[PDB]
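In structure tokens, one chain follows: the form solved without the named molecule.
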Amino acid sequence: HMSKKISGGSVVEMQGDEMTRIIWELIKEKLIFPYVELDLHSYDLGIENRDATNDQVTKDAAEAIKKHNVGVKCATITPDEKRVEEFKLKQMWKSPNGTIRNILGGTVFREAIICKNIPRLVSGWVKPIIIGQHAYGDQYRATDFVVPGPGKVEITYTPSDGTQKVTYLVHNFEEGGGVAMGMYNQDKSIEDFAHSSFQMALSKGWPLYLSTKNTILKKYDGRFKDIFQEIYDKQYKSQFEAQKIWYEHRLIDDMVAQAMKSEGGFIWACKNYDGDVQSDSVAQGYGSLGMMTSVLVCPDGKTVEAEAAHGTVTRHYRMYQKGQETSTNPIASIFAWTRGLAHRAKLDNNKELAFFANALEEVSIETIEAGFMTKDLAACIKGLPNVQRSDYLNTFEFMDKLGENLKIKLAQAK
């Protein structure tokens, strides 16, 4: 009969597109703002405000995250040919997440939210599997081109200090054309990636695996393997052993077979491409992309960006657009806010904010575990063809049910 909200501090918010934008606003309206006062720095990364500002709004939000150390980002449209038409864009703008990653740096850690009544697709997975994706280099910064006919492709290195160049033959095309590409990574980026992985394994108490293909790329993938091993021996091995965990290198194909027959419960450090791909595989194996969280941990050990690990759910948004009922899972988006607020509360020693962030995570899981859930989770239980309308809640019924349970939980603890 006379309450006062939690003062949450400074957070950078990146508004997004299509179905995740709708969810994003329901989360703020029903779960966050009634309990938490925020110093929000909002940036509209919607497809048409980006285009409006020649994508300057993306870069500015990236700089804002550097300044305030905490960002929460909604899924955004990444333009392709179709999208330039649909929004009559000025150009095919770069992915906002590549731009944001490239400015911030670091490792992207992805993890499924587990509810005990939600069957996995992979039978053995009891505990979670946290993939740490090295968010820099390799294919994502590579230079590729078409080879139009017979000829020589070479890759050369010219030292900056003046000494003589070295020239590696890629291929003599003798029979026609094809394609070629060069790609690189940097030692300091690999070192930051190793440290974040060892640190993540130690804070979760779980073992750590790095996957490469160094049997084939002895120099390129060998560099990753060597940097991890030296940093582990010099800096982490005795800590790992003190907690009865361990670090091992694995070939990527051995690693995906090992992961598939494990029980989970390990950190999986992936090079850029493998982490991009394998984390969608892992996400689906747990049940639903809607349940996949993601946090960019920057090398300063202080800045994070939290987001859902899925897209804008265009398919559902099209149905929403023509008045048709939808059942879109908000948990990944919710945990973007709770992870961002948890981190804000850690930097600030804000006890009430940290208790709120965890209460909302608990509430989300408890609601599903009591049998109230969106359709994608119902399908995990029954199999899609066998789901009845009575087995699940639509988008708005589920937020309402969550909002109801969160008011109860928070008024209980006071």
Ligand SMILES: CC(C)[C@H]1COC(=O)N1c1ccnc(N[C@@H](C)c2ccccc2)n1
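Throughout, we count residues from 1 along the sequence that is shown.
Same protein, other form: the form solved in complex with the named molecule, not shown, and the subject of what follows.
For this chain, the superposed copy of the named molecule, brought over from its placement in the entry with it bound, has 3 or more atoms within 2.4 Å of the backbone and C-beta atoms, so the pocket is blocked. Picking from 228-236, 159-167, 335-343, 104-112 the stretch near the named molecule in the entry with it bound, with a 4.5 Å limit on heavy atoms, gives 104-112.
In the entry with it bound, residue 297 stays away from the named molecule, with no heavy atom inside 4.5 Å.
Contact annotation: residue 127 falls within 4.5 Å of the named molecule in the entry with it bound, judged by heavy atom distances. Contact annotation for residue 279: at least one heavy atom lies within 4.5 Å of the named molecule in the entry with it bound.
When the named molecule is considered in the entry with it bound, residue 190 lies well away from it, no heavy atom lying within 4.5 Å. Only one of the listed residues (142, 121, 92, 146) places a non-hydrogen atom within 4.5 angstroms of the named molecule in the entry with it bound, and that residue is 121. Contact with the named molecule in the entry with it bound, judged by any heavy atom within 4.5 Å, is made by just one of 194, 208, 131, 304: 131.
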